[PDB]
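**Student:** I'd like to ask you about the structure that follows.
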Amino acid sequence: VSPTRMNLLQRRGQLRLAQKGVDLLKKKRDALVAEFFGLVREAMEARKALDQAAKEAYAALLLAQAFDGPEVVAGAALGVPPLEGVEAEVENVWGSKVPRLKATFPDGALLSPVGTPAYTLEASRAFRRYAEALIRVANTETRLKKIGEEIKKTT
Amino acid sequence: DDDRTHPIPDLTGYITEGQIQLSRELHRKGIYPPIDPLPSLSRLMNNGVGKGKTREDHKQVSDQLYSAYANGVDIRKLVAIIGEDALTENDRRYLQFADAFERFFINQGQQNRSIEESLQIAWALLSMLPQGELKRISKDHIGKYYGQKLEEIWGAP
Amino acid sequence: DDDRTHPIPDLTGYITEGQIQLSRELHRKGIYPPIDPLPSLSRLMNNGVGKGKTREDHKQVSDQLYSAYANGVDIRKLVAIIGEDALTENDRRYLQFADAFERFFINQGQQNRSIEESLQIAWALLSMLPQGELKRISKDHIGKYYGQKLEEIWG
Amino acid sequence: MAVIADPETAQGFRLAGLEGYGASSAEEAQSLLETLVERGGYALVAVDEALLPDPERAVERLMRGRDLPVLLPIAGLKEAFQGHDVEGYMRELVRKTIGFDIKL
Amino acid sequence: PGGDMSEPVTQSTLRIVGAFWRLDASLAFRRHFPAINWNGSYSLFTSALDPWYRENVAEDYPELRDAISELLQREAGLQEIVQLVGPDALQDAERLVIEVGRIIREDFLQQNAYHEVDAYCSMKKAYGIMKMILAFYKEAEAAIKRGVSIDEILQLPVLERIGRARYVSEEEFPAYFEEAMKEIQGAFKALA
Amino acid sequence: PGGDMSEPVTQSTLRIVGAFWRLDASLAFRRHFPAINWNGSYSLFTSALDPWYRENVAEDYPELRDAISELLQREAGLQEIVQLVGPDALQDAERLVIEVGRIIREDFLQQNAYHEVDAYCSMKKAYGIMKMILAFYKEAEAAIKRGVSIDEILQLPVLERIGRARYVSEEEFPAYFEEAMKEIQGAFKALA
Amino acid sequence: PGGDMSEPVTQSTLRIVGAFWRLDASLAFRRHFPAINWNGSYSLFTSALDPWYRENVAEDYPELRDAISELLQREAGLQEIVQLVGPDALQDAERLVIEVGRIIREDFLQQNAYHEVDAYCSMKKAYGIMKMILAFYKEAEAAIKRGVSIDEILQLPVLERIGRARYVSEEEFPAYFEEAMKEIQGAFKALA
């Protein structure tokens, strides 16, 4: 850059633009921090709900395995198909795409549709509800990580 | 060269008592007269306004308009990045207030406005903001002048 | 000081009919001859080119090369700030075209290329870009010369 | 999706439809987890706290280019019955995300 | 000398002329002619010539000219953020403005003096091009408000129709304008 | 003229003065008067004036003033944390020093030259205000170490008593100080 | 005067000299000597001395010199990405280039004028050092395709042998080089 008055004016304009950009980036970082602190509360609530969803399902499964018989539960588990309809849809957050998890499992594929081992079938229902509560925790955490890394990049 | 550090503007600032600065951005947006409120300044304004001359709510209304416009022009640039859906319920009020201010208070055309009409327009614009958020204005004037809609002047603005 | 605004080049440029400007950045990379195409200019080019003199497709190819090289140079300054991993496909195509241009068209060594060979190389480099993006070239010449591969010239 | 835990809850999850693995040591957990990472399939894995403390500490050089699958820590049978405060996990997470670790 | 606009001759000329057509070296470097710097140029004869334009060209021509100037100003305002955070960080409604500004710069302002047809341009042809550009911008904004992504809007084949309206002859322009106006209406209806 | 102190007259004045009271436009824009920047200002007469202060104002004056200076220094060091997160989401000890610094900035340094009683302030009044602030800070630190809530301290009317202390008339100030210096203790003893 | 090489004496000198050895104040502050800025320096006598080099030192000496220059250019190119994204984001192939550039800068370009041995260096000693560095680079490049971690390559003890090579006397250097080549080959053979 050769020393001229026009070049000096251009450099001062660039300095003003840089200062304006710094202020705008600070405002964007403040907004991102506000969103992060909004999301962390829902993350904590989802995790503490997942705790109870795990505990009651574990208790029901233990009761079913103990007082119906391990052989009865094993025979019931021998006709349970593995899940295959796992879906990972994508959603945008601040210019980044994140996966959201969902499953399309049909309920009627299991053997003995009538619940003669009632406690085993109830344990299966409890574990299905357990997974349906776990997916929310997974989605919230995978959003929170990306918000944190966006804050890092802005800083 | 639009330079405020040129000797002719520099020596003028040492002698005069303020300045009114025209804006090229407002001129290119179709606003006449393109007077920029933020960089302008009048040093002796406090002696000519108040009680016994013009109206008593002049200074507080001017200060509130200045602060609200300064907030709106700052929100408007962040709108372009983060979008309007990420804003709060009052940032959208300030963003609309800035546009309404630029479209009504400044862009007056060849009209001749008295001080009472200008104060009426200013109070109509301040009514868009929620009552009680006007920190610079005391409640005595708010209870007397707040509440008028801009649509009553929009019949012939 | 590599300064174009020095009084001697400034007064030379107002009298002569063009200039050929060398680039130190291209010289540091081993490119010979290090002729910078953007600051270079030929005022009397339009008199000696066209149908019946060299070929019918000279000026349009020259203009398209100038525009594409300018786009690549502009994209380089963007990837110097935001990183190359966030680019789209079009910016990546222009970025690769700029490197291919600098490595093949400008850098020729001591060989004596004819005008037809140079036009063939120019059309080979323009074939890397999508056909619809050649705004400055008429479709009549595109239908005749587009589609050449660079590997058939340099191996 | 698959869950690696104690055999009692692994087949209990298999009663719902998940591929439950019965493991109790970190070596088999690391081997099975890297086998699941290198293969193509499901993108969600649940690991007990008794096998792997941090899921990223085993895929720190494997998942940086393909971070799409989700590796989640989950509580074991004994841990779920006795319970714990999840605020410690969030206190660790906020430190790992913004670094300042101060939160209220 | 040296392209310095602080030259005393230029400063003395600036105070007496009514129009000031500042040229840009950067635009001439990239072979973008006539290379007029829009930000530094001005004219003081716009308001006086308005009654003539209404009678002789079109009734709504000054409104179209002011809309084009406003669009260029808005595009210039957004370029301070593109240089900061990149073009991909902007919203779709601002990327539309950026692409419309690029369209205007490439198609309307650019002119080749050595071309057979593009060397001369009448007023009505420029008015038709401005009308086409503004109609396309309005239809694109309406499509954006309906949830259409911007990438498939820019890939429409009607973009090549607008970009080559420069080289259409003066006597053939009244048919090309009417064909392109119907195509603009048709393209944004079947898309969404 | 340039705002910065690199102007030659300011640089020449810098080398021959013993005190320097820098005014800042940011405090003036926020209507914080006086706009004395306590970070950029300095004085070289403190050590020589220390013997006089301890005999005419109070024996503990220099250490009590250094405590205020240290408290103001600590508050400026946490500003890089408040830039990211809100001031409410911090540690109790970090919140307490921020509140004390705000109390100092808004109730001791600020003055109104046009006010009848806020335009003048003697040494004894400032010493009493600083003593009240120090006592409040010490009691609040003890309460925080006992694990009390932050909001139960900010609710107390002690904040209003210190806030109105600068507006107290000079002749009525000893009674105000005598009331407040034990009212703070009574308010802190009533808490759990 | 200020390091400003646009001053008239420097510009008048550069038009007649055939070699230009530019020094850097940045390298002198960190005690890196002789502090030659290898990016801004040039020499116009390189192409004429190649027939002398091809029979007085070795036939492949210009090839090794060009390889060293290319490695330095690649390191200088990668140093922008290193400081704009962080060293963790780089791939192992670029990390190898960065480390080899650091090794070259620390062990070949740097020279001590006061050391009793390092003050003088023959051409064949520099040729041997360049051969050792290029052999190490080739072996490390081959080891990357075999899946060897970059941390395993860097922690090899043969790195210190290259760094200490410039302190060996002229009489003892061939015995050092003859063993060091086999040491490099065996060290890269013994892994994976």
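Chain labels A, B, ... are given in the sequence in which chains occur in the structure tokens; within each chain residues are numbered consecutively from 1, and ligands are likewise numbered from 1 in the order shown.
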Should the cut-off be 10 Å, what would the residue list for chain D against chain F look like, counting only C-alpha atoms, as a PyMOL selection string?
**Tutor:** chain D and resi 98+100-104
**Student:** Considering only C-alpha atoms, extract the chain B residues located within 10 Å of chain A and return them as a list in words.
**Tutor:**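 Residues passing the distance filter: residues 1, 2, 3, 74, 75, 77, 78, 81, 82, 86 and 87 of chain B.
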**Student:** Could you take the residues named above and write them with N, CA and C atoms, as a PDB file, in the first residue's frame?
**Tutor:**
```pdb
ATOM      1  N   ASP B   1     -13.788  15.156   1.305  1.00  0.00           N
ATOM      2  CA  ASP B   1     -13.799  13.720   1.051  1.00  0.00           C
ATOM      3  C   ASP B   1     -14.586  12.966   2.116  1.00  0.00           C
ATOM      4  N   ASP B   2     -15.653  13.569   2.642  1.00  0.00           N
ATOM      5  CA  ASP B   2     -16.406  13.085   3.797  1.00  0.00           C
ATOM      6  C   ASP B   2     -15.520  12.873   5.019  1.00  0.00           C
ATOM      7  N   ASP B   3     -14.422  13.618   5.122  1.00  0.00           N
ATOM      8  CA  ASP B   3     -13.483  13.478   6.227  1.00  0.00           C
ATOM      9  C   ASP B   3     -13.781  14.540   7.276  1.00  0.00           C
ATOM     10  N   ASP B  74     -28.921  -0.485  16.305  1.00  0.00           N
ATOM     11  CA  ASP B  74     -28.046  -1.579  16.702  1.00  0.00           C
ATOM     12  C   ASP B  74     -28.717  -2.939  16.571  1.00  0.00           C
ATOM     13  N   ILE B  75     -30.019  -3.024  16.844  1.00  0.00           N
ATOM     14  CA  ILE B  75     -30.739  -4.283  16.665  1.00  0.00           C
ATOM     15  C   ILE B  75     -30.842  -4.647  15.184  1.00  0.00           C
ATOM     16  N   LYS B  77     -28.870  -4.421  12.616  1.00  0.00           N
ATOM     17  CA  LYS B  77     -27.768  -5.130  11.969  1.00  0.00           C
ATOM     18  C   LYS B  77     -27.691  -6.581  12.432  1.00  0.00           C
ATOM     19  N   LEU B  78     -28.043  -6.848  13.693  1.00  0.00           N
ATOM     20  CA  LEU B  78     -28.057  -8.222  14.186  1.00  0.00           C
ATOM     21  C   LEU B  78     -29.234  -9.003  13.615  1.00  0.00           C
ATOM     22  N   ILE B  81     -28.265 -11.229  10.600  1.00  0.00           N
ATOM     23  CA  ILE B  81     -27.578 -12.493  10.847  1.00  0.00           C
ATOM     24  C   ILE B  81     -28.490 -13.465  11.582  1.00  0.00           C
ATOM     25  N   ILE B  82     -28.957 -13.082  12.771  1.00  0.00           N
ATOM     26  CA  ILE B  82     -29.652 -14.045  13.620  1.00  0.00           C
ATOM     27  C   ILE B  82     -31.135 -14.184  13.292  1.00  0.00           C
ATOM     28  N   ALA B  86     -35.325 -15.179  16.244  1.00  0.00           N
ATOM     29  CA  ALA B  86     -34.473 -15.354  17.411  1.00  0.00           C
ATOM     30  C   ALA B  86     -34.499 -14.158  18.353  1.00  0.00           C
ATOM     31  N   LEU B  87     -35.229 -13.102  18.010  1.00  0.00           N
ATOM     32  CA  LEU B  87     -35.287 -11.910  18.841  1.00  0.00           C
ATOM     33  C   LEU B  87     -36.330 -12.059  19.941  1.00  0.00           C
TER      34      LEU B  87
END
```
**Student:** Can you pull out every residue within 12 Å of residue 73 (chain F), counting only C-alpha atoms, but drop anything in the same chain fewer than 3 positions away, and send it as a PDB file with C-alpha atoms, in the first residue's frame?
**Tutor:**
```pdb
ATOM      1  CA  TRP F  38     -10.021   5.516  37.383  1.00  0.00           C
ATOM      2  CA  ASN F  39      -7.945   3.045  35.343  1.00  0.00           C
ATOM      3  CA  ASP F  66      -6.190   1.366  49.712  1.00  0.00           C
ATOM      4  CA  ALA F  67      -8.913  -1.170  50.531  1.00  0.00           C
ATOM      5  CA  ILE F  68     -11.322   0.770  48.294  1.00  0.00           C
ATOM      6  CA  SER F  69      -8.697   0.888  45.535  1.00  0.00           C
ATOM      7  CA  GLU F  70      -8.135  -2.876  45.814  1.00  0.00           C
ATOM      8  CA  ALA F  76     -12.427  -4.729  36.928  1.00  0.00           C
ATOM      9  CA  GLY F  77     -10.734  -8.134  36.793  1.00  0.00           C
ATOM     10  CA  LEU F  78     -14.015 -10.050  36.517  1.00  0.00           C
ATOM     11  CA  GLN F  79     -15.337  -8.095  33.515  1.00  0.00           C
ATOM     12  CA  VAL F  97     -17.528  -8.118  44.860  1.00  0.00           C
ATOM     13  CA  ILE F  98     -19.415  -7.143  41.685  1.00  0.00           C
ATOM     14  CA  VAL F 100     -19.827  -3.902  46.034  1.00  0.00           C
ATOM     15  CA  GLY F 101     -18.087  -2.401  43.001  1.00  0.00           C
ATOM     16  CA  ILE F 104     -19.066   2.162  44.973  1.00  0.00           C
TER      17      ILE F 104
END
```
**Student:** Residues of chain D classed as strand (DSSP E) by DSSP on the backbone are to be reported as a ChimeraX atom specification.
**Tutor:** /D:2-5,19-22,44-48,70-74
**Student:** If DSSP is run on the backbone, what residues of chain D are helix (DSSP H, G or I)? A reply as a PyMOL selection string would be ideal.
**Tutor:** chain D and resi 7-14+26-38+55-57+77-82+87-98
**Student:** Which value, in Å to one decimal, gives the distance between CA of residue 63 (chain A) and CA of residue 8 (chain D)?
**Tutor:**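 These atoms are spaced 12.1 Å apart.
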**Student:** Would you mind listing what lies within 10 Å of residue 41 (chain D) as a list in words, with only C-alpha atoms counted and same-chain residues fewer than 3 positions away left out?
**Tutor:**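 Near neighbours after the sequence-gap exclusion: residues 84 and 86 of chain A; 1, 36, 37, 38, 44 and 69 of chain D.
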**Student:** May I have the selected residues written with C-alpha atoms, as a short mmCIF file (atom, residue, chain, number, x, y, z; two decimals), in the first residue's frame?
**Tutor:**
```cif
data_model
loop_
_atom_site.label_atom_id
_atom_site.label_comp_id
_atom_site.auth_asym_id
_atom_site.auth_seq_id
_atom_site.Cartn_x
_atom_site.Cartn_y
_atom_site.Cartn_z
CA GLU A 84 -34.38 -52.12 12.27
CA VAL A 86 -34.06 -46.58 13.21
CA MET D 1 -29.23 -49.71 18.14
CA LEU D 36 -19.43 -50.90 16.06
CA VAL D 37 -17.77 -47.62 14.99
CA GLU D 38 -15.96 -49.12 11.99
CA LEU D 44 -26.97 -44.77 18.71
CA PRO D 69 -23.43 -41.71 15.42
#
```
**Student:** Restricting the calculation to only C-alpha atoms, which member of D:40, D:76, D:65, D:53 is positioned closest to residue 6 (chain D)?
**Tutor:** D:76
